[PDB]
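Undergrad: My structure is below; once you've seen it, I'll send some questions.
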Amino acid sequence: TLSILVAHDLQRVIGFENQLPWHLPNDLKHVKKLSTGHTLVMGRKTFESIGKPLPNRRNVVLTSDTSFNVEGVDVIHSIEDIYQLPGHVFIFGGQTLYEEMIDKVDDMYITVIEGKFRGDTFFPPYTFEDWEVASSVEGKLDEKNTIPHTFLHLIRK
Ligand SMILES: NC(=O)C1=CN([C@@H]2O[C@H](COP(=O)(O)OP(=O)(O)OC[C@H]3O[C@@H](n4cnc5c(N)ncnc54)[C@H](OP(=O)(O)O)[C@@H]3O)[C@@H](O)[C@H]2O)C=CC1
Ligand SMILES: CCc1nc(N)nc(N)c1C#CCc1cc(OC)ccc1OC
């Protein structure tokens, strides 16, 4: 399976100044559950802003940098290399990779953050006429998760 995994707000903001614009522990749990034991593919910028590989899954970084080397990270140099990766692969960001991959993925795991944040990074526009709603689950609000959010699993029609 080739999937997108993304959290975006009401205007499809995914980032601001190399950071996530929101604090949502419930969404990190969602990511952890979905991708533990599987593969995350991300662009160089997303990885650098994270800082280190995410534990207990394969971390794959796409870059043109032939010098790129991090312990616990596998490197690829073209989109085409993605399709040779075995298992369930999640496209993890950022904007450039989503733009390159949105028309290629089987399905998308989207966390819709129900707010309007300042952003400099965006998920590409998409229509629900191309995508079936496999599931839609409202995230739970509590002390540590204070922004409304909905987990969508969308499958290409
Ligand atoms: N809310 C969310 O779900 C997530 C948020 N984000 C946010 O997005 C931001 C990063 O997005 P963005 O700025 O677009 O950067 P990206 O994460 O998409 O990385 C861009 C870099 O990836 C490499 N790359 C991309 N495509 C190719 C290719 N075809 N061949 C070789 N290398 C390639 C290049 O690296 P190089 O220049 O080294 O060659 C490029 O400069 C971050 O600020 C982050 O916070 C990201 C993912 C998820
Ligand atoms: C955890 C944020 C997130 N959620 C979903 N649902 N999909 C994603 N692709 C992402 C992401 C991301 C990049 C990122 C992750 C991170 O986890 C510790 C920390 C920082 C990040 O970029 C600043």
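We label chains A, B, ... in the order they appear in the structure tokens, count residues from 1 in each chain, and number ligands from 1 in the order shown.
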Apply DSSP to the structure's backbone, then extract all residues of segment 2-126 of chain A labelled helix (DSSP H, G or I) and return them as a ChimeraX atom specification.
TA: /A:25-35,44-50,79-84,95-101
Undergrad: Could you pull out the residues sitting within 6 Å of ligand 1, using only C-alpha atoms and all ligand atoms, and write them as a PDB file with N, CA and C atoms, in the first residue's frame?
TA:
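Everything below was put into out.pdb:
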ATOM      1  N   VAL A   6      -1.020  12.836   6.678  1.00  0.00           N
ATOM      2  CA  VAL A   6      -0.922  14.301   6.798  1.00  0.00           C
ATOM      3  C   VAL A   6      -1.912  14.863   7.840  1.00  0.00           C
ATOM      4  N   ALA A   7      -1.500  15.923   8.528  1.00  0.00           N
ATOM      5  CA  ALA A   7      -2.411  16.747   9.297  1.00  0.00           C
ATOM      6  C   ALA A   7      -2.429  18.125   8.628  1.00  0.00           C
ATOM      7  N   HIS A   8      -3.619  18.611   8.281  1.00  0.00           N
ATOM      8  CA  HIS A   8      -3.744  19.958   7.723  1.00  0.00           C
ATOM      9  C   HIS A   8      -4.937  20.679   8.313  1.00  0.00           C
ATOM     10  N   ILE A  14      -0.051  23.012   6.531  1.00  0.00           N
ATOM     11  CA  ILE A  14       0.614  21.876   7.188  1.00  0.00           C
ATOM     12  C   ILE A  14       1.817  22.304   8.041  1.00  0.00           C
ATOM     13  N   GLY A  15       2.335  23.502   7.774  1.00  0.00           N
ATOM     14  CA  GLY A  15       3.528  23.979   8.462  1.00  0.00           C
ATOM     15  C   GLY A  15       3.686  25.486   8.520  1.00  0.00           C
ATOM     16  N   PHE A  16       4.504  25.928   9.468  1.00  0.00           N
ATOM     17  CA  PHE A  16       4.956  27.313   9.526  1.00  0.00           C
ATOM     18  C   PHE A  16       6.355  27.355  10.113  1.00  0.00           C
ATOM     19  N   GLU A  17       7.280  27.948   9.362  1.00  0.00           N
ATOM     20  CA  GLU A  17       8.669  28.109   9.785  1.00  0.00           C
ATOM     21  C   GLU A  17       9.274  26.817  10.321  1.00  0.00           C
ATOM     22  N   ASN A  18       9.208  25.782   9.489  1.00  0.00           N
ATOM     23  CA  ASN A  18       9.745  24.444   9.787  1.00  0.00           C
ATOM     24  C   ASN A  18       9.120  23.698  10.961  1.00  0.00           C
ATOM     25  N   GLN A  19       8.041  24.240  11.519  1.00  0.00           N
ATOM     26  CA  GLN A  19       7.345  23.627  12.651  1.00  0.00           C
ATOM     27  C   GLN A  19       5.901  23.292  12.279  1.00  0.00           C
ATOM     28  N   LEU A  20       5.286  22.391  13.042  1.00  0.00           N
ATOM     29  CA  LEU A  20       3.838  22.204  13.001  1.00  0.00           C
ATOM     30  C   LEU A  20       3.222  23.396  13.729  1.00  0.00           C
ATOM     31  N   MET A  42       9.807  10.902   3.456  1.00  0.00           N
ATOM     32  CA  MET A  42       9.700  12.348   3.619  1.00  0.00           C
ATOM     33  C   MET A  42      10.783  13.114   2.847  1.00  0.00           C
ATOM     34  N   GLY A  43      10.492  14.371   2.521  1.00  0.00           N
ATOM     35  CA  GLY A  43      11.484  15.244   1.902  1.00  0.00           C
ATOM     36  C   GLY A  43      12.541  15.663   2.902  1.00  0.00           C
ATOM     37  N   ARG A  44      13.678  16.121   2.389  1.00  0.00           N
ATOM     38  CA  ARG A  44      14.803  16.529   3.222  1.00  0.00           C
ATOM     39  C   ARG A  44      14.415  17.584   4.264  1.00  0.00           C
ATOM     40  N   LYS A  45      13.594  18.553   3.864  1.00  0.00           N
ATOM     41  CA  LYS A  45      13.245  19.651   4.768  1.00  0.00           C
ATOM     42  C   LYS A  45      12.415  19.189   5.968  1.00  0.00           C
ATOM     43  N   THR A  46      11.444  18.309   5.719  1.00  0.00           N
ATOM     44  CA  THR A  46      10.617  17.744   6.790  1.00  0.00           C
ATOM     45  C   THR A  46      11.481  16.981   7.783  1.00  0.00           C
ATOM     46  N   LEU A  62      13.978  11.618   1.011  1.00  0.00           N
ATOM     47  CA  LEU A  62      14.193  11.961  -0.388  1.00  0.00           C
ATOM     48  C   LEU A  62      14.975  13.268  -0.475  1.00  0.00           C
ATOM     49  N   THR A  63      16.118  13.217  -1.159  1.00  0.00           N
ATOM     50  CA  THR A  63      17.003  14.373  -1.339  1.00  0.00           C
ATOM     51  C   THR A  63      17.879  14.214  -2.594  1.00  0.00           C
ATOM     52  N   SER A  64      18.331  15.334  -3.159  1.00  0.00           N
ATOM     53  CA  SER A  64      19.315  15.307  -4.251  1.00  0.00           C
ATOM     54  C   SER A  64      20.748  15.286  -3.717  1.00  0.00           C
ATOM     55  N   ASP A  65      20.893  15.494  -2.410  1.00  0.00           N
ATOM     56  CA  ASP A  65      22.198  15.542  -1.756  1.00  0.00           C
ATOM     57  C   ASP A  65      22.853  14.155  -1.685  1.00  0.00           C
ATOM     58  N   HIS A  77      16.894   9.132  -3.968  1.00  0.00           N
ATOM     59  CA  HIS A  77      17.245  10.304  -4.782  1.00  0.00           C
ATOM     60  C   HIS A  77      16.259  10.651  -5.902  1.00  0.00           C
ATOM     61  N   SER A  78      15.242   9.813  -6.091  1.00  0.00           N
ATOM     62  CA  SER A  78      14.154  10.111  -7.026  1.00  0.00           C
ATOM     63  C   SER A  78      12.835   9.526  -6.537  1.00  0.00           C
ATOM     64  N   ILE A  79      11.736  10.091  -7.035  1.00  0.00           N
ATOM     65  CA  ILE A  79      10.384   9.597  -6.765  1.00  0.00           C
ATOM     66  C   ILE A  79      10.266   8.109  -7.083  1.00  0.00           C
ATOM     67  N   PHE A  92       4.944  11.236   4.089  1.00  0.00           N
ATOM     68  CA  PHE A  92       4.888  11.891   5.386  1.00  0.00           C
ATOM     69  C   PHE A  92       5.081  13.409   5.289  1.00  0.00           C
ATOM     70  N   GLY A  93       5.419  13.895   4.097  1.00  0.00           N
ATOM     71  CA  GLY A  93       5.595  15.326   3.864  1.00  0.00           C
ATOM     72  C   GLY A  93       6.910  15.653   3.191  1.00  0.00           C
ATOM     73  N   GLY A  94       7.143  16.931   2.877  1.00  0.00           N
ATOM     74  CA  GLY A  94       6.191  18.017   3.138  1.00  0.00           C
ATOM     75  C   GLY A  94       5.414  18.394   1.898  1.00  0.00           C
ATOM     76  N   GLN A  95       5.208  19.700   1.702  1.00  0.00           N
ATOM     77  CA  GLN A  95       4.420  20.217   0.586  1.00  0.00           C
ATOM     78  C   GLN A  95       4.881  19.682  -0.775  1.00  0.00           C
ATOM     79  N   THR A  96       6.194  19.692  -1.034  1.00  0.00           N
ATOM     80  CA  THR A  96       6.692  19.281  -2.354  1.00  0.00           C
ATOM     81  C   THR A  96       6.414  17.804  -2.611  1.00  0.00           C
ATOM     82  N   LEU A  97       6.632  16.973  -1.599  1.00  0.00           N
ATOM     83  CA  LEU A  97       6.386  15.549  -1.735  1.00  0.00           C
ATOM     84  C   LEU A  97       4.896  15.211  -1.905  1.00  0.00           C
ATOM     85  N   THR A 121       3.343  26.583   4.448  1.00  0.00           N
ATOM     86  CA  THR A 121       3.400  25.264   3.811  1.00  0.00           C
ATOM     87  C   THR A 121       2.006  24.638   3.733  1.00  0.00           C
TER      88      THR A 121
END
Undergrad: My list of candidates is A:28, A:73, A:119, A:9. Which is closest to residue 47 of chain A when distances are computed with only C-alpha atoms?
TA: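 Of A:28, A:73, A:119, A:9, the one nearest residue 47 of chain A, counting only C-alpha atoms, is A:73.
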Undergrad: For residue 98 of chain A, which residue out of A:85, A:3, A:34, A:22 is the nearest one, using only C-alpha atoms?
TA: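 Looking only at the distances to residue 98 of chain A, the closest residue turns out to be A:3.
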Undergrad: Could you state the separation of atom CA of residue 116 of chain A and atom CA of residue 89 of chain A in Å, given to one decimal place?
TA: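 Pair atom CA of residue 116 of chain A / atom CA of residue 89 of chain A returns 29.1 Å.
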Undergrad: For ligand 2, which residue out of A:70, A:112, A:31, A:105 is the nearest one, using only C-alpha atoms and all ligand atoms?
TA: A:31
